[PDB]
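Pasting a structure here, questions to come.
The first chain written gets the first letter, and so on, giving A, B, C, D and E; residue counts start at 1 in each chain.
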Amino acid sequence: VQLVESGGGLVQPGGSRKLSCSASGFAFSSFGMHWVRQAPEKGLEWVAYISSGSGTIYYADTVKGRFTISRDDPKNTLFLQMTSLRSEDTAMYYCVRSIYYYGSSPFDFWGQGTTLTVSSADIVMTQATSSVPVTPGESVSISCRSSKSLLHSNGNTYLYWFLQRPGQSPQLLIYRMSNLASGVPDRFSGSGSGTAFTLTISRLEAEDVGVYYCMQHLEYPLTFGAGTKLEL
Amino acid sequence: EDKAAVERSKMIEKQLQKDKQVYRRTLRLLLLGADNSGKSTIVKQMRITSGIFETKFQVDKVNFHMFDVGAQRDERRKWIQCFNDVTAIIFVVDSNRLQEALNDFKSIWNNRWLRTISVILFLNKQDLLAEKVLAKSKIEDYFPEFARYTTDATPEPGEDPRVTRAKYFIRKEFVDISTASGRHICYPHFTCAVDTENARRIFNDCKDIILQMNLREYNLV
Amino acid sequence: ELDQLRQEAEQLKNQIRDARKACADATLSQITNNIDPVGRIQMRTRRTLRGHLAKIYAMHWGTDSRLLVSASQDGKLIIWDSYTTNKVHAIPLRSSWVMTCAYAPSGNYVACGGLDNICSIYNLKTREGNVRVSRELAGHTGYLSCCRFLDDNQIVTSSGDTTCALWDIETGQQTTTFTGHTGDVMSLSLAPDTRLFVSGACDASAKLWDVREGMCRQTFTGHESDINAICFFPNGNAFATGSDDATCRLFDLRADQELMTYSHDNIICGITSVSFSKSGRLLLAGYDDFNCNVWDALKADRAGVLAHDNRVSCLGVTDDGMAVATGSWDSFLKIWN
Amino acid sequence: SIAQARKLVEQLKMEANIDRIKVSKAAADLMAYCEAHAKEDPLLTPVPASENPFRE
Amino acid sequence: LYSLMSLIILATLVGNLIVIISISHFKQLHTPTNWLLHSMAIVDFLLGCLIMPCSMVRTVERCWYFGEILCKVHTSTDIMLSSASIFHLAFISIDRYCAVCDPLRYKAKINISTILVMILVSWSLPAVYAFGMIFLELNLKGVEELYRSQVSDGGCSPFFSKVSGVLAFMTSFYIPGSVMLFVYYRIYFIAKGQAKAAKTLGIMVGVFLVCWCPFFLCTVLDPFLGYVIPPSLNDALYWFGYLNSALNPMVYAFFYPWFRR
């Protein structure tokens, strides 16, 4: 399981570029795929989406007529084509895996990223703070606030935590506000009530430093949080 | 958003449709040779502790499917239920290693799960009988009514009446068992280990079987 | 000299039967006279699971109480979602004549074995997006007739060569072999404490085995024809069978006798599957005349009928007692509630 | 066959010595378990159509 | 008197309803040929429920007091549904020939894809042919004077010229009849050779020929004869043609075991 992205560079405004994420090591024909953007000094932001059978495509409201997404199953390659580059499309781009069936864990594996430089009714997610000083060996807590009830009629509560380590790609820690990922150490937990959410870490080591993100998945516009860095 | 789950289900169903088409266009066959009956020769059909030995062969753009049977001990009472839907049964017998063959034939006839399945019976190694007659075949010893037996028919030229008498004696010994029952019919053939027309015989027999089935369907008979 | 030994053996068999018979103070039926009957039970079909090309042979609920798996003559394993009718997985097999399936207690594996003498293990949760076979257990001679999971490691198999077995998946090697049956063994069931398991064979007898010591413990007889299905009481002290002679019986475990029989004079066809309710109050059996009947486990009264276009081949009751699933030879699964 | 017979006779002896109880007591714990868990049986007593996930 | 015909109308309504739902909802009968039977039943049901009451009011008292606007619509719909019925009969015959004559490749050559194509073609082409033949007045072009006198004399009937009538007759009776008659001959010979065949085939052929020859024969002959025949025989032949819709579910879906079911 590994995804390697190609493309990027410095582009004058008004041009067009074609980014690629090459998949090798799993079944590329059974996974949905996204693209997620990261401004250099800001949190993440959603870009696009294309499902397994190429039957459903969504776009972020920011750019809808300028970007297009497509996939090529036989060669295991994912494409993004963009046109009329403004000064805002100057950020990092990540290709993210996702598989949807009862009991699965979406957004589990993230790519490595590529760099690029250019010379309303959606749910608002906010985090209480942006930093916190602590000491190794004791518990910490991080709070997330929502502008609408994320709890659905079926009973699920769609909330995710990612915890991007300082220097590499983001990971997955908790999906749907209570459930734990596969390879994460068993000292993370999550709880919530419907509008307010908290993340607790029991112990603390040298690997826990980084920035924690708060994502929602109730409706297509995906609003990411701001991030609370842990400084040691 | 369970819409992605619904999309996954729909793609699975789309593949199942293609599988159904391929399944519906094919024909299955069961082989029930005896112990010493040389079905190993009749399965030489490449020129067109395991169990089921699946093979495939096609003639004139029609796909067949022959299932041999492996190490399933000795009793066939329970695993014969799975073959309630095949197109035909293909015996192989050797021409006293005949009485047990007759008993096995009549046991496989008049079952409760093989009531509507026709039998394509094969007579393998038709040189043993000829050599025994020419030289050792004391049929009257264990078949007393051989002496008081005779045919009109359409024999094959270049043979004495004795060999033909023996051949249709055995053939009648099978046909009477078949007729002592009309939902299905037996198809006796005299063949040899190294032959050429075996696939052709199976083709014509299956064609006749399903033709009778279709005529029954629209009450043309 | 063989007769000498034979005589002594029959001598023992004489002592066992008389000692067992000189224990019945009163029947199971008499002891339940006081109680009010369940009455009439009406069950309405809620879902209808479609997609199988051909006739269905087995199914097994998951511990999650929501998922189930089923197998068919096509050579397909499909995992359903009983709430929203979706399909989660569709697994194609190497051999098309499959008779069994089981769903792991933790929800990680599914296994199936058929008429080709091999039990296969599939890994559902993997770093890829596909289901792969991880072990192929070989060593039986006849066809496999049942299989049940103990852990993510230990499995129990029943075959058509009159033997049961206990395996070790990572090594792939047979650990214990249970011998003693005369005819080919048709089904087995486990126990709540996972220390004992029962088995029923075509020699018209059922035996109770111990997993650790690998030896037989008891033997129950009374059935005229072969045994098709066996199930275990929730308490752990009883079990019920279903045979080809249109009879279902109930046997005590530590009393070593035969309790009430469940039969009627309007049925001539045999039984294919039996299963219990959560409280043990109802015994429901799948029949051969296209119908499934539900019985009162304590007084033998027909109370309800679950009316399929062909023979019913499998049953199941969820761990927490929501619903009942049935399969048949015309290829549709129905969930009754 | 004597070797086979020896195994067979050995079995019967082992199965002969098993402790047994009265049928009346063995037929009472069944009813006790039926009664002490009759309330937890959604299949016996139908559950109101609000916590039934198989509605419609 | 007038009431005797009603029974027909009930028949066209009952016969079709029972086929429609005996196959509408049954998981055992979703076979590809049963869809052709289903479509035929729908066509006959629509023909009955719509056309017959207007024929009632027209033939009881010999006038059409519903306006010149709806006359064209009614005739167009009638041609639609009659042509659809005959086309479905021809397609059922082709399907039955594909079964018996070559049995090994039956299920390959007749699947759920081709039958949908035949259903859509047999529904569509009569629609285009009908109105395209009515609203644009190609049927009576050049002879409009005669229909003016006849309507002034108010009945609404399909008026055909010398070429219009022949085209309707050869683009509707003859091609379907030709493909039905050729195919229930070879089947009879093959059944007789390889195995009652006549007692089942002759019935179908005779019912279809009795129902549909007189009407189309008189229709094609009338322009040559000079429009001399009285409208009473025309109405009798309309009733004879309507009888075919009632008789269809009997011959194709009730002489069989599934017909017992």
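The criterion applied here is as follows: a residue touches a chain if its C-beta (ideal position, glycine included) is under 8 Å from a C-beta of that chain, and two chains touch if they have at least 3 such contacts.
*Asks:* So if I look at the partners of subunit C and the partners of subunit D, which chains show up in both lists?
*Replies:* none
*Asks:* Chains shared as neighbours by subunit B and subunit C?
*Replies:* Both-contact set = A, E.
*Asks:* Which chains are joined by the largest number of contacting C-beta pairs?
*Replies:* Pair with the most C-beta pairs in contact: C-D.
*Asks:* Which chain lies at the heart of the structure, taking centres as C-alpha averages?
*Replies:* Chain nearest the overall C-alpha centroid, as shown: C.
*Asks:* Averaging only over C-alpha atoms, locate the centres of subunit C and subunit E and give their separation in whole Å.
*Replies:* Centre-to-centre distance between subunit C and subunit E: 58 Å.
*Asks:* Subunit D to subunit E: how many Å between their CA centres?
*Replies:* Going by mean C-alpha positions, subunit D sits 68 Å from subunit E.
*Asks:* If you average the CA atoms of subunit A and of subunit D, how far apart do the two points sit, in angstrom?
*Replies:* 53
*Asks:* Hey, how far is the Cα centre of subunit A from the one of subunit C, in Å?
*Replies:* 47
*Asks:* Touching two or more other chains, which residues of subunit B qualify?
*Replies:* Each of 2, 5, 8 in subunit B touches at least two other chains.
*Asks:* Got the subunit A residues that touch at least 2 other chains?
*Replies:* 101-102
*Asks:* Please output the residue numbers of subunit D that touch at least 2 other chains, ranges allowed.
*Replies:* none
*Asks:* If I apply the definition of touch given earlier, which pairs of chains qualify?
*Replies:* Touching chain pairs, listed by label, come out as A-B, A-C, B-C, B-E, C-D, C-E.
*Asks:* Going by the contact rule set out above, which residues of subunit B touch subunit C in the complex?
*Replies:* For this pair, the touching residues of subunit B are 2, 5-6, 8-9, 12-13, 15-16, 19-20, 23, 49-52, 54, 70-73, 75, 78-79, 82.
*Asks:* Quick one: which bits of subunit B touch subunit A in the complex? Just the residue numbers, please.
*Replies:* On the subunit B side, the touching residues are 1-5, 7-8, 11.
*Asks:* Of all residues in subunit A, which touch subunit C in the complex?
*Replies:* On the subunit A side, the touching residues are 1, 26-27, 30-31, 99, 101-102.
*Asks:* Could you list, by residue number, the parts of subunit B that touch subunit E in their complex?
*Replies:* So the residues of subunit B in touch with subunit E come to 21, 24-25, 62, 206-208, 210-215, 217-221.
*Asks:* Write out the stretch or stretches of subunit E touching subunit C in their complex.
*Replies:* 27-28
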